[PDB]
Each structure stands twice: as structure tokens, then as C-alpha cells.
2 protein chains.
Amino acid sequence: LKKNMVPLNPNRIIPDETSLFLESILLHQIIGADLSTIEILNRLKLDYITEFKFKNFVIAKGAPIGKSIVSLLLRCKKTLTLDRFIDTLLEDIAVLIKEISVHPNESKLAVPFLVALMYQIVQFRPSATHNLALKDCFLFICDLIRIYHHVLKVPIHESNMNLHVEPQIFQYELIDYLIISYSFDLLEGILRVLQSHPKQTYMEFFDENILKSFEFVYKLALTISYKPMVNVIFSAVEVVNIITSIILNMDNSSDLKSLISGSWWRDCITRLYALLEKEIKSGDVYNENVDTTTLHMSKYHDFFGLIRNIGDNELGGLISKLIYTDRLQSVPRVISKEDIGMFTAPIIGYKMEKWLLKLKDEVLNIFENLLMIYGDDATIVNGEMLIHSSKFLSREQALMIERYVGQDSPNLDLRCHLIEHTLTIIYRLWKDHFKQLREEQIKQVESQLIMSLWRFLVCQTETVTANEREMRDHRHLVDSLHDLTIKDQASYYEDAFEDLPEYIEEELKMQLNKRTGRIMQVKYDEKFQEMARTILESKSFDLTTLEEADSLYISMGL
Amino acid sequence: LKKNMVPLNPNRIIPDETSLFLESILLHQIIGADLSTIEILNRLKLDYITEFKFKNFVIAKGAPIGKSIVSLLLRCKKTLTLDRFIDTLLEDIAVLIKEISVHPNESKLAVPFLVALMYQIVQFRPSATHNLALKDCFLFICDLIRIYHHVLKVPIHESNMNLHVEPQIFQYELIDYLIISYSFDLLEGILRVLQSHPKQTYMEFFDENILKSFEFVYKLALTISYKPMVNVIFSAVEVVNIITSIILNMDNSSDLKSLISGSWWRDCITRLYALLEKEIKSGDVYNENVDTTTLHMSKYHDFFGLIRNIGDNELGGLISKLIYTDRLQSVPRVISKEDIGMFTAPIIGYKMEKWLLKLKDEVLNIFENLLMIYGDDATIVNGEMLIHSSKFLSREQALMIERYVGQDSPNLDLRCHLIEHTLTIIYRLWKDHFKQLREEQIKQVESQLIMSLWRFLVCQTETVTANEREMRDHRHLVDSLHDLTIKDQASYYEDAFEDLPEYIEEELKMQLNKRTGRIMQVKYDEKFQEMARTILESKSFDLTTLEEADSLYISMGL
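Residues numbered from 1 in each chain as written, not as in the entry; some residues may be left out. Chains lettered and ligands numbered in written order. Part of a larger assembly, values for the part shown. Heavy atoms only, no water. Residues with missing side-chain atoms left out of burial classes, pairs and counts.

- Its PDB header attributes the entry to cryo-EM and lists the resolution as 3.2 Å.

Okay, here's the thing in C-alpha cells:
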């Protein structure tokens, strides 16, 4: 009688999730360092706080700090379940980071490793962390960054008499660069684990204090008059993405939007515009050059960080060489600043272009989001998304055609994805939001909008591709790198790319061909030809007159 | 239909027993030390083994050792289940103790803490440890002790010209005293966790090598011509107890007894006799006096150890003061030898008498066991258990009556339990083993046997107690300490001693009265009067003739 049902296991080992979390803390190790993070904190003392104690988390004067962390971890494993063990660790390590930070004399070497350890605590089980702990941790990291006021506020250019006679120390600069970078990365981590909660509970996180604190630290990160640290720019726009993504995908959308003032947005969007109008050039990414025009990713902060691996991690060997590893000390091991830098590969510049192109994709992606938040007209969906986005579209087509085609870099495709993306940021702005596209602001970009749409409608002629035989001879010229990519994907990393059945590689000699069309800047996708057609041709606004329009059409044929 | 059965739990949290074992290792702390054992091993390096590696247990030259222990513990938690995690730890820490030990120059400070950590590993779940690991660990601790050849072999008396001009260092002596004491305690622990296995599997432990190695180390512990360390005498007779206890309570009893040669027993029993004929005197327990007559428990090895808390732990403050606790070192922190010893309480002497009386109870308890092993006659159940046990019975009655009655020590009762026990070691020797009680050896003790039995049969007169009113006036004289004991037991530590229902304290004014009878050396228990009667009166052997017997009976009445 019903001999079908799947039988249970009578000895189900539900794994002790707090033990797995304990083990994930104990062997947490940042990428490039020689020792584990707890094993670094065992080698740190603090000799100006004579006795630290918050809630039975006693630290003696000459005691190792990581001894006290592992004593807390062992002591609170027996007692607490997981969601209490998390916020116990969060508030205890937060109070420790706090009184190491606000002190006149004491070195702050434990602070980066405690922030990274805190990030390991947060993102272990995001379903387990209650969001009031996330609120407390977010407020603590925001006013922790406003403690570290001076890392993101170095001036543009120094004095001419700034004599570089100096010990040329890097270890304190390396400490507070790690503090700022791990802090902004922890802000990104708090908001994605808050993003992963069920969608009825976001109001337990947000209040006025959250948004005012992030407004301050967001003005701090996306700087104007100071040297930009690009490591914090990635996370500081990814946080804005997480905000605009949960505003879309929640139910009580008004009480976020009522909590946000329009000044927050019109301070955010101008800095996003000023980020979007910067240049990406591989030959002087890592060079130090003119400000606020090239996203440059400085030599003196080049390491991975917590979420994503952003550079080549040139300063990861110096994290392990910041402590003496056989000694219990407080001041750092001395790192000379001018030893780094040795010249063999510009490929590092290509992948840093790849990250910066994903950054611009991120910025106009959150443009695409907050079009959909404020579908009705407001202060902020206000026509300058024609000006700045059309400037961006026109120049990233123009110097694509002038400079990039036939340069065999791997970053062509994504760079001709951005234009392919930002036309859509034009298009639904044109189609669904014309009621705020004012008559003067359209004439601020009448050159560049019409020229950018014309470089899509030039591709309806198509006397270039038309076959198969010579297009692969074009991709031997422009797209050999993606041939290497797809052969290494086909022979190693894809399940469907073996014993190819004479329909899966006819798809390949369809899609590599349309890809190399989209790279060669002739024959874009037909859907984008239609979207560019129904802005220029359509009669929502006289971009051109009919005797000016056919002056454009004769330069293709027509 | 059958709404009775107890329902299961659908979310049974079977606790991750290897995680609990991990946490028991990580907060293992010996009694009196300031730091945890892993936290002491984090402060130890080893600078003569340039690189230690056995099976991916890499230790660098200047690295902390406890870093490598906790790296093994975290790495082998994910992989192994519990019975493999145990013997992985056992062989790895054993190889580490080995190559720290066999080295000419290197200090051995890590060795006591690694042995104590190994003991914590063994006795956590004794059902989990497979007994081949116990065999390997027992063989390793036995040849580890024969490495430490010279701790248990200091001479009796030094030269007259042994000038005590010397650094007077104690730290190296404290190290290898801890090594020897923790090693013998680990031998006791291995054999009780082997005792706790199901009784069909003892042959997986024992072979010739086990018994030859313990024969050597047992001759080493119960010394003859060297200064005795009493800490190893307790465990070295408790091991013999565990052996003679499992020989009784197993099924394949012959293949142990065939594996044991009679020379092992007739080397063991002579040393047990020589231990049994020593004296216990509180006024010179802790004094240094004449050898092999007083069990003295020397001042320079007075700490707890692993199983039992044997002294007052005067050398436990010096275990934490053996390392610098803010430093990674190899040589010990210097302990001056003559600072210890400060005189306030002889009560410490009374509880050390209590432990030594339990030691003599242990020795004649294993006499009582191996009567029952060799119920048939052999080399070893051979009539000297009349001589030595009757010497012991007669003197511990004689100087009981001359010296101990009315001395208000807590150790009277157990001291008049020993006589009350050892009569039984007489009695079943007399009744069930007369066929080896040879005619000359009985006349070696004809004085002492008959006098000892007569001091039991003198109690059948009993004109002393006979009531209730004056016997409590006797226990105000001899047994006030047990009145304090039973009042503190009655008001604090016993569930049945409140709202006393006038039958539970009539039992008290029965059993305190028979107890103070048994202390006052008049009116023993009636069963012991019968057992002493049916040796003297019964006609198995002419102890007395009938004209010599009534010469004894007239000195009671009769």
C-alpha cells in the first residue's frame, strides 16, 4: 500500500552550524597574507588601552588580542545559538575597533583585520543575521569612516616645495588604506545580506540615520576636490545599486521613498555623472596623472579587498610583512614605500580596464534602475540623463571607431556593450519619460544625440558582412582573443561543448559572427537599430526637419 | 488507535561530537595554570628542529607550536570522523613529543603540555577511541618514560661534599617531573579507556610488548634503591589494578594469563609488599626523611596531575610562571628552587594521609583481586600474603590503639577500615586457599596472626557501649570531625537529610554509634568477629593447642 514515497534518514546529521561558523572564523585568511586572520590577531597587543572590557571580553595590557577573540568564540559557542552568536561578535568586535580607533597615540593595526573578521562574521549565513545587527553595524562602519576623515581627503597637487626628504613610510598608510577599503566593502556586504532577507522586513533596517550617514560617506567616497581612491568608488556605487534594487523589489516602496529626500538623489546623481564622464585608458590606468578624468587605481592601494579581486594584489605581500610573525607587538613592521614597483605585462592594465568598464556599466545600470523607481517626473529624472548619457554614448562610439577597432584588447566587447546598453538608457527615457525631457535640454545635445543614433542607423545598409567566408577573416583581425576564449571554454570549461552535433556550432558561426559585427561597429543588432530609429524618425519631438533628415539619410543611401 | 506511544522529535539536533571534542581541546586547561594548554603552546617555539613534518603537520623553525596544533585541529575537523580524528591527533602529537624528546640540546618544555593534551584527546569519548590507538599510545608512553631514565633514578643520599653552590634551578626539574607524572597518568588513562570497551576486544590491546614495557616501567616507578616519587606510585599501582580487574571481568581470561609470565607477578608482588610495609605519618609526610619507610610526597613534586588532585597544588603557580606569556621562546622562564615553602595548616598533611591510606587500600585491594585470579595455587598466591598482610594488620591495630585513638584526625576511620579490609584478605586466604599456606610460613607469623585475630575476638565481651547515652559522649571525644561531616552533609549535600521522619535518624543513632565503636577499637562489626573466630577456632591448622587457646580466652573472660 503506497510503496512509492521517498524514505527519510533516521540518523540525519544536521551539522552544527555554529561550529561551522566557528571554523570559518578560525581559518579566515585574506588573500595574499601568510597567516590566518586569527593567527595575525594572536600576534597583536595594544599598549595604550591598559585594560579593555565591554561585556566579559577582557583584554589585558600585554595580552594578545586574538587570544581574547578566540576566548570569546569558544565561550559564546556553548551559550548562544547562531543569530545571537553573530550580533554578540558584531557588537564586541565593534566596540574593540571603536576604542582602538578613537585614541591619540595608539596604533590601529588590529583594525583592518577586525573589520575583515567582522565581514566574515556577517556574510556566513545571511538568512541567520537579524537586521537590527545590520543596522548597528552599518551605523558603526559609517561613523568609523568619518573617524578616518583624512584617508579620502588627500589634496590633488602638493606644494612645489614639498621636499620628499622623509622616512617614506608606507605601513601606516597601508593600515588606514586597509581600514577604509575593508570598511566600504563591509558596507557593501551589510547591504547585500540585508538585500537577501525576506522582502517585508526592510523597514527594520532603514531610518533617517542610515541615509544621512551614507549620504555623508558617499559624498566622501565619490570625491570632487581630492585624490580618488577607486577601491571605495566601486563599493560606494554598488551600495547605491543595492538601494535602488531593493526599492524596486519591495512592497512598501513609499516608506523608503518618503524617507529619502530629493537632495540625497540630486547629490548622488551629479557625482554619478562626474564618474561617468571619466576616461578609461589602459596605458595610464596605473600611472598618476591629471585628476577626475581618468579612473586610475593608484599604485599605493592595489590589493584585493573583501568582496571582489580588483587589482593584481601587489600590496598583499606587504600585509603579511606588516607584522613580525614571531613577536607580540603594537607598532607595525616597517614597510619602505619606494621598494614596490619593479615592466613585464600590460595585461594587468587590460583587466583593470575590464573592472572599470563594469563600473561604468554599474553606473548607468543604476540610472536604468532609478528611471524605473521614479517613473513619474521628479527633481531627478530630469533630462540630464539625455545630456550626460548622450555625451557618453557619442564619445564611446567616436573613439571606439577612431582608436579601438583592431587593437586586439579583450575589453572591446564590453566597451561596445556600454554603448549598446546606454542607448536603452536613452530609449526608455525617450519613449516613456518624454514629459520631463524639456525643450532646451534636448537642444543641449542635438549634435550628439542625433549623431549617436545615426551611427546605429548607418548599419542598416550592411554591404560588409553578408556571408561567412570573409567575416571569420575579420575576426582573425579584431577578435582573436575571443577565439582563444571560446576554444579554452570549449575544450575545458563547458559541458555542452564536446561532440558538437552540427547544430551547436552553426549557432557558433551565427553568434561569433554577430559578435564580431557588433565589435567592428558595422551591423549592430537589429533591435538597437529599431530603438535608434524610433527616436530619430518618430515625431515626439523635431530633432530634425524633413529637409534636414534626408540630408542624413543620403549619407547611407536611402 | 494506540494514542499512547512517545513521539519522536522531528528536528533532533545530534550534536557534532567532533566539534565538542574540538572545543574540549581548545579550552583544555590544567588546574592552577593561568593560560589554556593550547594558549601555552601558542607561546612555544623550538629552535633546534629546523623544520618538523611527519604527515602534513608542518612546523617551521621560529613558528609557534600551538599554531600548528590548531592548524591540524581545524584541518582534520572537516575531513575525519571522530575515531580517525582521535588517532590522527594521537600519532601526530606522539611524533612531535618523540623528536622533541630524543635530541641532545633542545629544551622539552612543550612535552608536558603535549602529554596532557594527549590525555584530553584520549578520555573524551572512551567508546570512540579504537584500541589499536591505545596500544600505540601505551607503547609510546612506555618508551617515552624509558627515555626519561633519570627522573625516577636520583640516589638516596648524596655526597657529604655535595656543595650546594649552584644556580639552584627548578625549571628543568619541574619540566621533567611534569613529563613523568603526566606520562604515568596517561598510562592510567589509556588503561581505563581500554577498560571501558566491550569485553571481547581486550586481545587487540595486549601482546608481549605491552607487558614487557609495563614490567620495565613498573620496576622503574615502585623503586627500591632510588628516591620514590609518590605521584607515579599511585598511577603505577592503579594500572596493576586495571589489569587485575579486567582479567577477572573478561571471557578469554586464559590468553591474558598465558601472555603473563609468573616472573612479572613475582616482581610485582614483592614491590607491592615493600610498598605495603611503609608508614603513613602526617607530621613527616612532607618532610624529607629516611627512605622506603615513609610515603612522603616530596615538596619538589607537589601538584595535581591529570586524573586526581593529590596534593595541595603548591607547584601549580609555577606552571604558569614557566613561560613569559608575552613572548615566543624555547628555554624556560627561570624558577628559583628555594623560594617555595613559606606553617599555617597541618590539614594538608591529613588529606595527604587520606590519599596514602587509599593507596594502601588499593594495594591490598589488588591482593584481593589476584587471589580471585589465581584461585588455584601458583608461584604467587603463596602464603606470604599471610606474612605481609598479617604484619600490616597487627601493626595497624597496635599503633592504632597506642597512638591514634583520641587524636581527632579525619583519617582514623579509613585507617580502621584497612584493618577491617585486610582481615578479609586474611580470611578468604585462610578459608579458600589453605592448600598453599605452608606449615613453615604460618609459623613465620604465629605471633602476629593470632594476636591480630585476638584483637577482634576481644570485642565479643562488650561492656563498653551497651546503651546510647555515653557512646555519644565517646564520639564527642574521638569522632567530632565526622559529626561536623554529617551536619554539613545533612544541611547542604544530601537529598534525604531534611524533614527527618524518626526512622532515618534512628538509623543515624545506629550507624554513628557502630562507627564510633569501630573507631574506639572495641566492638567491631560482628561479621569480622566471625571471620576472625573461624580462623583461630577452626581446625584447619593448629594455630593454638587447646591448653594454649583457653589461655587466650581467659584474657577476655570466657
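### Considerations on the overall build of chain A
Reasoning step 1: Helices and strands together make up the secondary structure of chain A, namely 22 helices and zero strands.
Reasoning step 2: For a compact globule of 558 residues, the expected C-alpha radius of gyration is about 24 Å, and chain A comes in at 27 Å, within 12% of that figure.
Reasoning step 3: Projected onto its principal axes, the C-alpha positions of chain A cover 95 × 85 × 55 Å. (Helix = DSSP H or I, 4+ residues; strand = E, 2+ residues; numbered from the N terminus. Rg over C-alpha atoms; globule rule 2.2 N^0.38 Å.)

### Considering the pattern of salt bridges
Residues and elements named next belong to chain A.
Reasoning step 1: Inspection of the entire model under this criterion finds 50 salt bridges over all chains.
Reasoning step 2: Across the pair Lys281 and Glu279 runs a salt bridge whose closest N-O atoms are separated by 4.0 Å.
Reasoning step 3: Judged by relative accessible area, which is 34%, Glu279 ranks as partly exposed. (Salt bridge = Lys/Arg side-chain N within 4 Å of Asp/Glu carboxyl O. Buried < 20%, exposed > 50% of the residue type's maximum accessible area, 1.4 Å probe, protein only.)

### Some words on the side chain of B:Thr18
Reasoning step 1: By the element assignment, B:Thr18 lies in helix α1 (residues 17-26).
Reasoning step 2: In contact with B:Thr18, other than residues within four places in its own chain, are B:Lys77, B:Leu82 and B:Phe85. (Contact = heavy atoms within 4.5 Å.)

### A few points about the relation of the copies chain B and chain A
What relates the pair of chain copies is a rotation about an axis plus a shift along that axis.
Reasoning step 1: Taken as rigid bodies, chain B and chain A are interconverted by a rotation of 180 degrees and an axial shift of 0.0 Å, the fit giving an RMSD of 0.0 Å. Both copies are brought into coincidence by an operation consistent with a two-fold rotation axis.
Reasoning step 2: Both copies present the same face, since 100% of the interface residues in chain B are matched by interface residues at the equivalent positions in chain A. (Least-squares fit on C-alpha atoms.)

### Let's talk about the interface of chain B and chain A
Reasoning step 1: Contacts between the two partners involve 22 residues from chain B and, on the opposite side, 22 residues from chain A.
Reasoning step 2: Note on chain B versus chain A: buried area summed over both sides is about 2,000 Å², and carbon and sulfur give 59% of it.
Reasoning step 3: For chain B, the biggest contributors to the area lost against chain A are B:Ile14, B:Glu23 and B:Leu74; these three give 25% of the whole.
Reasoning step 4: Linking chain B to chain A there are two salt bridges.
Reasoning step 5: With its nearest N and O atoms 3.8 Å apart, the salt bridge here joins A:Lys77 to B:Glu23. (Buried area = accessible area lost by both parts, 1.4 Å probe.)

### Focus: the packing of aromatic side chains
Reasoning step 1: Per the counting criterion, the structure on display carries 28 aromatic pairs over all chains.
Reasoning step 2: Between A:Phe21 and A:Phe124, the aromatic rings sit 5.2 Å apart at their centres with planes inclined by 50 degrees, giving tilted as the arrangement. Of this pair, A:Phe21 sits in helix α1 (residues 17-26) while A:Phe124 sits in the loop between α5 (110-122) and α6 (131-147), and the two are 103 residues apart along the sequence. Just as A:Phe21 is buried, A:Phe124 falls in that class too.
Reasoning step 3: Residues A:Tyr492 and A:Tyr493 carry aromatic rings whose centres are separated by 6.1 Å and whose planes lie at 45 degrees to one another, so their mutual orientation is tilted. Of the two residues, A:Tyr492 and A:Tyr493, both sit in the exposed class.
Reasoning step 4: A connected cluster of aromatic rings, assembled from ring pairs, spans A:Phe21, A:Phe85 and A:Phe124.
Reasoning step 5: Above the plane of the ring of A:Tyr300 lies A:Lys337, whose end atom (NZ or CZ) is 5.4 Å from the centre.
Reasoning step 6: For the cation-ring pair, B:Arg125 lies above B:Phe124, with the distance from its terminal atom to the ring centre recorded as 4.1 Å. (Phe/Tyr/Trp six-rings, centres within 6.5 Å; stacked < 30°, edge-to-face > 60°. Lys NZ or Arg CZ within 6 Å of the ring centre and 35° of its normal.)

### Quick notes on a negative patch on the surface
All names here are of chain A.
Reasoning step 1: Side chains of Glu446, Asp542, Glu547, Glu548 and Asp550 sit close together on the surface and give a patch of like negative charge.
Reasoning step 2: With respect to the helices and strands, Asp542 occurs in the loop between α21 (526-536) and α22 (546-553).
Reasoning step 3: With a relative accessible area of 54%, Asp542 lands in the exposed category. (Patch = residues over 30% accessible without salt bridge, like charges linked within 9 Å, V, L, I, M, F, W, Y side chains within 5 Å. Areas by Shrake-Rupley, 256 points an atom, 1.4 Å probe, with all protein chains shown as cover. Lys, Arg positive; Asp, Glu negative; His and termini not counted. Charge placed at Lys NZ, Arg CZ, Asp CG, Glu CD.)

### A few points about the nonpolar core
Reasoning step 1: In terms of nonpolar packing, the biggest core is built from 356 residues, with A:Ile69, A:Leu114, A:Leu272, B:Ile69 and B:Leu272 touching the most fellow members.
Reasoning step 2: The contact partners of A:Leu272, leaving out residues within four places of it in the chain, are A:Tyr218, A:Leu222, A:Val237, A:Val363, A:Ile366 and A:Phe367. (Core = buried A, V, L, I, M, F, W, Y, C linked by side-chain atoms within 4.5 Å.)

### Let's talk about helix α7 (residues 171-195) of chain A
Reasoning step 1: Taking 1.5 Å per residue, 25 residues should reach 36 Å; α7(A) reaches 36 Å between its end C-alpha atoms and fits that length.
Reasoning step 2: The element α7(A) is extensively covered by neighbouring structure, given that 21 of its 25 residues are classed as buried. (Expected span 1.5 Å × (residues − 1).)

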